[PDB]
Each structure stands twice: as structure tokens, then as C-alpha cells.
Amino acid sequence: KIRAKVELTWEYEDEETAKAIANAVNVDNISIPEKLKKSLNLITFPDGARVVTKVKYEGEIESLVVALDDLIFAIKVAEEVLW
């Protein structure tokens, strides 16, 4: 069992890209098993031209890695397709 607090941040040239990326990576869109989503606090918001992702999780180590791998894949694909 682990307790994790994660914050990821990155920046774009414009506010519109940050707003588009922040909306794209909503937890509702990510292929995390629905059971794992229940015990996960995941929020993404734009702050000017910057994107901020905040994760809070408590549970098994293996589920943390799954959650984070899914999130990073979603972020990377959102950047590739929308930005």
C-alpha cells in the first residue's frame, strides 16, 4: 500500500492550446479500469499557457503505475493530435 501525490506541468505558446489539452486529458476520457478510477483523484486545468495535472491516489503499488501509464499516454496522444 502507498499514498501518492503527483503534480505534472508543461507549457504552450498560447492559452487556447493549454485550454484544449487540459480539457482533453479529463479522467472520463482515459482508459483506466473504472474500479481504479473510483479510488483516484485526477484533475487537469489550464493556468494561462500552462497545463497543470494533479493526481492523488491511495492503494496498491501496481495500480499506481497502471494509473500513471494511462495518464501519460493520454497526455502524449492529446499533445500529438490536438497541439
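One-based numbering along the sequence shown. In what follows, every heavy atom counts, from backbone to side chain, and hydrogens, waters and symmetry copies are set aside.
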What distance separates [X] [atom1] from [Y] [atom2], expressed to the nearest 0.5 Å?
X	Y	atom1	atom2	result
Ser39	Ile32	OG	CD1	10.0 Å
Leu40	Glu34	CG	CD	11.0 Å
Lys56	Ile43	NZ	CD1	7.5 Å
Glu11	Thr17	CD	OG1	11.5 Å

Please report the shortest heavy-atom distance between [X] and [Y], naming the atom on each side.
X	Y	answer
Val51	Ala18	CG2-O, 3.5 Å
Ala24	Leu82	CB-CD1, 3.5 Å
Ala4	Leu64	CB-CD1, 3.8 Å
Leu36	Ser63	CD2-O, 3.3 Å

Partner of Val25 by side-chain contact (heavy atoms from CB on, under 4.5 Å), out of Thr44, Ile72, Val77: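 Among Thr44, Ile72, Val77, the one meeting side-chain contact (heavy atoms from CB on, under 4.5 Å) with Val25 is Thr44.
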The single option from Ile21, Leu42, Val6, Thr9 passing side-chain contact (heavy atoms from CB on, under 4.5 Å) against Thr53: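 Answer to the side-chain contact (heavy atoms from CB on, under 4.5 Å) test with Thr53 among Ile21, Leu42, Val6, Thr9: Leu42.
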All side chain to side chain contact (heavy atoms under 4.5 Å, CB included) counterparts of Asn26, not counting sequence neighbours: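 Residues passing side chain to side chain contact (heavy atoms under 4.5 Å, CB included) with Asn26: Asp28, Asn29.
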4.5 Å side-chain heavy-atom contact, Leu68 and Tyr57: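 Not in contact.
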